[PDB]
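I have placed the structure first, in the form of structure tokens, so that the comments after it can refer back to it.
Heads up, the Cβs are rebuilt from the backbone with ideal geometry, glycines too, and the neighbour counts pull from every protein chain shown. Derivation of every value follows stated rules applied to the coordinates shown; laboratory data play no part.
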Amino acid sequence: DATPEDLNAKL
Amino acid sequence: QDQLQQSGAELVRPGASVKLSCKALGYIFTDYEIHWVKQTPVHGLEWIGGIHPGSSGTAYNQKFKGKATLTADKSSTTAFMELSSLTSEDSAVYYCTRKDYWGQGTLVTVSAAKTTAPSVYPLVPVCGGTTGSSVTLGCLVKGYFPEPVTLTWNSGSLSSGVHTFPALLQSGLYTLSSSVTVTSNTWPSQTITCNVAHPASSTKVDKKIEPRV
Amino acid sequence: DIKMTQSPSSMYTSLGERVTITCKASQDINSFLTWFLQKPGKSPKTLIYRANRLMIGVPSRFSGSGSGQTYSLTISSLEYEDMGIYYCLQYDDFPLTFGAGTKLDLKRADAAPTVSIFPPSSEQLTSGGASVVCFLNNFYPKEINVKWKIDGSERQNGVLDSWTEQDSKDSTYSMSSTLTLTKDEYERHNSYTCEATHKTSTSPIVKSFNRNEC
């Protein structure tokens, strides 16, 4: 449902 | 789907370590980060650190740098978190989360406490003090380990007007207490018993509440 | 680090009421915030992610809004299933930080507690220990103070309290206070008192006994 707009800034 | 399943409860001795796991399901394991959050009654929610299974990137809370270690494994789509030099302050429920999905959490208890059966005591109204339409009886389950310990009244029959309070740590062991209220003419004419079972030590105790004096 | 100031910290609601929880960030967090609910003994359930996107499966009566430092979770019409503790989570910058949370509880008329004191059991006493239990049952609000007094003066340690959660039927709370001592210390005193102070009254509800009595 949710995209890497979960702030997938690695780390 | 949308799932994260964590490993079972952990009972570990101080000075030791533990490694918790978080299996990811229903989504592409290497597209999102997996973070770990600690939660304790006293301290609340605490972010420990994150890990990107794709790049192997990690970020930790300064408080856990050198205490917690995060790793992921592409093949089993499982995130791992290892804690070392455990010491009661680490006793807590630990969660893994995708920021949107949360795991069910892993409970970790750090104690030296060895398995110990509960000593059951029957609480009875203070001599006299029944002035009223109702009477409150009590039950105390003191000195056991580990949890849990189900307790019921009249082999389950009595369920209304019952308050089993949450157990608490009392000098290394756990203590719990329950109260039940019935109308004044019911007791003591009709027997009232408190059932205390302790799966751990395989204890099955029954305390009959007898008046005082 | 970013601080999430959440309010109100406590909220006494009514079924079918409109609820508005608010979270303020110490700095701009560009909508990267989530709202989650957590029930006693249960794990967090996210309601909305990225400030206003509704989680799949979450009822539409839940909605979020905000833009820079101020975000709000609004519940159109409160249902029983909603009681619990709501939390906001900022994930715009590490370390991830959560708000203090707001506790929602069903409102009802103020109710004093029903206090009952219990002297040690002869079984325990014939074991060396002596615990003086004292239940404060069915009151509202959850705010209450318990104080012990042996032979007239206060006792501080030996006490251990445990609160239950708001009851589903009457909306009250209950608590248990256990003042533990040694048999040999219990018998060095006579009048053990149990005092409860609660919003429902200025003077405390006092309950006690004397050993010389039984």
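Observations
- Residues in the range C:36-43 carry Karplus couplings, in order, of 10, 10, 9, 9, x, x, 9, 9 Hz; the curve used is 6.51 cos²θ - 1.76 cosθ + 1.60 with θ = phi - 60°, and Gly or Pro positions show x.
- Rg/Rh, computed from the Cα trace of the range B:113-211 with Rh as the Kirkwood radius, has the value 1.00.
- Counting all C-alpha pairs of chain C, share separated by more than 32 Å (%): 40 percent
- Other protein chain Cβ atoms within 10 Å, averaged over every residue that makes up B:167-178: 3
- Hydrodynamic radius of the protein assembly as shown per Kirkwood, over alpha carbon pairs, in Å: 24.2 Å
- Over 29 Å (Cα to Cα) - which of B:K63/C:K24; B:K207/C:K45; B:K114/C:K142; B:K204/C:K169; B:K23/C:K142 fall in this group: B:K207/C:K45; B:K114/C:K142; B:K204/C:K169; B:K23/C:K142
- Loop-resident sites, the range C:28-133, for trypsin sites (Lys or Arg not before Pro), counting at most 12 other Cβ within 10 Å (DSSP): C:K42
- Shielding of peptide B:115-122 by partners, expressed as the average count of other chain Cβ atoms within 10 Å per residue Cβ, is 3.
- Table column - 3J(HN,Hα) (Hz), the range C:130-146, Karplus curve with 6.51, -1.76, 1.60, x for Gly and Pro: 8, 10, 9, 8, 7, 7, 10, 9, 6, 10, 7, x, 4, 7, 8, 10, 10
- Spread of Cα-to-Cα distances over 10 Å intervals beginning at zero, given as percent, for chain B: 8, 27, 22, 18, 15, 8, 2, 0
- Coil-residue trypsin sites (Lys or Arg not before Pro) of the range B:64-120, DSSP, other Cβ within 10 Å capped at 11: B:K74, B:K114
- Shielding value for C:125-131 is 2, the average number of Cβ atoms from other chains within 10 Å of each residue's Cβ.
- Dipole size of the range B:113-211 about its Cα centre, with +1 on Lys/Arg Cβ and -1 on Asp/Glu Cβ: approximately 160 debye, rounded to the nearest 20.
- Distance from the Cα centroid of the range C:142-214 to that of the range B:179-213 is 22 Å (rounded to whole angstrom).
- Normalised Debye scattering of the range B:70-139 at q = 0.27 Å⁻¹ gives log10 I(q)/I(0) of -1.26, counting only Cα atoms as equal scatterers and leaving out solvent.
- Charge context of C:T180, other residues only, Cβ under 14 angstrom, K/R +1, D/E -1: 0
- Taking only the Cα atoms of the range C:109-211, the ratio Rg/Rh comes out at 1.01, with Rh defined as the Kirkwood radius.
- Relative exposure of C:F118, C:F209, C:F36, judged by other C-beta atoms within 10 Å (fewest first): C:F209, C:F36, C:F118
- Here the range C:1-108 is treated as an ellipsoid with the same Cα gyration tensor; its semi-axes, largest first and in whole Å, are 22, 14, 13.
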